[PDB]
Structure formats: structure tokens, C-alpha cells
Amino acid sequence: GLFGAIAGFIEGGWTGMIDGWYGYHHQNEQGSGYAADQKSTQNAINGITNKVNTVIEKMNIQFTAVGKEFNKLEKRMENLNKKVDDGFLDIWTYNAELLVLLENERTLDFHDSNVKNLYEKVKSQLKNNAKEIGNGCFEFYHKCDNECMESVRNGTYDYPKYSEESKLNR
């Protein structure tokens, strides 16, 4: 995809992460588990649902539309009416399908971007206190218990706190 993360350097999704679109899997002495990232998930649901509303707002209803009749000497008028009806129907069918195709592409790219930005955000907090091991995963050079893990997840990780112990290990 455009941002390289989904079906990209993070090769697959997680059926075990059931509470949002993006998030974290951790493994330490205390255990392992999944947790969605709540802020990016909530902002993305807000964006996607606004996008649906916007699409719907612009075309969602037609009022009464019934046929007209023409006598045997009104064939030009009958053809003119049919040209109008067919032509508007051509245009709205084109508009509807293309709006959905184009927005679908943008939606998938938006999710890819959100995963990429969450990855880079963690990367920039950990710096060289962890190593990039592939597939969206970091391996700490220090012990990172659940309080440490939560600080990564909520964007308050304290690099100086662990940097001496990391330095010794790498």
C-alpha cells in the first residue's frame, strides 16, 4: 500500500486484537497480550464515519419520479424525454460508482498511514534502547515491565530512565 506498512513490512493482521484497528502486542516476563491504540483508533473511526456521512449527504434521495405519456405524433418529445432520463441515469451511475472506488482507495491508504505513523512514533520514542527486529517489532535492550510497556503505548516512554541498562546490554 502507499505507506508500506499494511501487507507490507508488517506482513499480516491480528485476529487477537479485537478492540480497535491499530495497536500493540507485547511480550515480557509478566506475560503477553494485545491492546489497541485508543487514540489513533478513535480518531480514525471519527474520520471514516465523517467520510461516510459526507458521501451520503451529497446524494441519498430522490422524490417522486413517474413516467410520462406521449401520443403517436409526439415521438420527438418522447425521445427527448427518454434522452434526458437515460442521460441523467448514466451520469448518476458513473458518479456513484466512481466516488465509492476512489474513496475506497483513499480509505485503505488512510489506515496504512495510521499504522505507519504509529510505528514511527514508537520507533522515535525508543531510539537505541531497543532494536528493530522485523515485522513491526522492537526488542528492548532493557527489561520493560507492564508500566514501561504502557508508557510506550501512551507516548510517555522515558528513554533516559532505561538508557544506561540498555547501553550495557547492546
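Superpose the two forms; the largest set of C-alphas matching within 1.5 Å is the rigid core. All residue numbers refer to positions in the sequence shown, first residue = 1.
request  = Please pick 52-60 or 108-116, whichever has its Cα atoms farther from the shown form in 9 other deposited structures of this protein after a rigid core fit.
outcome  = With the rigid core superposed, the C-alphas that lie farther in 9 other deposited structures of this protein are those of 52-60.
task = Could you check the entry and say whether 104-112 or 26-34 has the higher mean CA B-factor?
result = In the deposited entry, the stretch with the higher C-alpha B-factor mean is 26-34.
request  = Take the C-alpha B-factors listed in the entry for 158-166 and for 16-24, compute each mean, and give the stretch with the larger one.
outcome  = If you average the C-alpha B-factors of 158-166 and of 16-24, the larger mean comes out for 158-166.
ask   = Of 65, 56, 44, 118, which one's C-alpha B factor is largest in the deposited record?
value = When the deposited C-alpha B-factors of 65, 56, 44, 118 are compared, 65 is largest.
query = Which third of the chain does residue 48 land in by C-alpha B-factor: lowest, middle or highest?
reply = As the PDB entry reports it, the C-alpha B-factor of residue 48 lands in the lowest third of its chain.
task = Report the third (lowest, middle or highest) to which the CA temperature factor of residue 138 belongs, ranking only the modelled residues of the same chain.
result = Middle third of the chain for residue 138's C-alpha B-factor.
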